[PDB]
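Spelled out from the first residue to the last, the chains are:
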Amino acid sequence: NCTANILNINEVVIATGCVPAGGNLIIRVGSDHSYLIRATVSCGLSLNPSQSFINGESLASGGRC
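S.K.: Whenever I open this one, the overall build of the chain confuses me. Can you help?
M.R.: In terms of regular secondary structure, the chain is built from zero helices and six strands. Overall, the chain shows an N-to-C arrangement of helices and strands of β-β-β-β-β-β. Its C-alpha atoms give the chain a radius of gyration of 11 Å, near enough to 11 Å, the size a compact globule of 65 residues would have. Along the three orthogonal principal directions, the C-alpha set of the chain runs to about 30 × 25 × 15 Å.

Below, the structure written as structure tokens:
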């Protein structure tokens, strides 16, 4: 599976989830919020359209899951 890592404006990892191949999963952050992350058939981090990065947050890759 794919690994999704959510960081803040300081590029500090605050949340981490696991995104299924060709699927999508919701990742909850400790910043009193949550971000929906999805991955393609080839495993590719991506943020849902219904949502948008805020508070300077950002997305990053992990390793294995």
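S.K.: Before we go on, may I ask you to explain the UniProt feature "domain: ToxB-like N-terminal ascomycota" (unreviewed entry) in the chain in this structure?
M.R.: Sites flagged by UniProt as "domain: ToxB-like N-terminal ascomycota" (unreviewed entry) map to residues 2–59. What you have in residues 2–59 is 0% helix and 50% strand, and the ends, taken at the C-alpha atoms, are 13 Å apart.

What counts, and where the lines are drawn
- Residues numbered from 1 in each chain as written, not as in the entry; some residues may be left out.
- Heavy atoms only, no water.
- Helix = DSSP H or I, 4+ residues; strand = E, 2+ residues; numbered from the N terminus.
- Rg over C-alpha atoms; globule rule 2.2 N^0.38 Å.
- UniProt positions renumbered as here; feature names shortened; annotations may be inferred.

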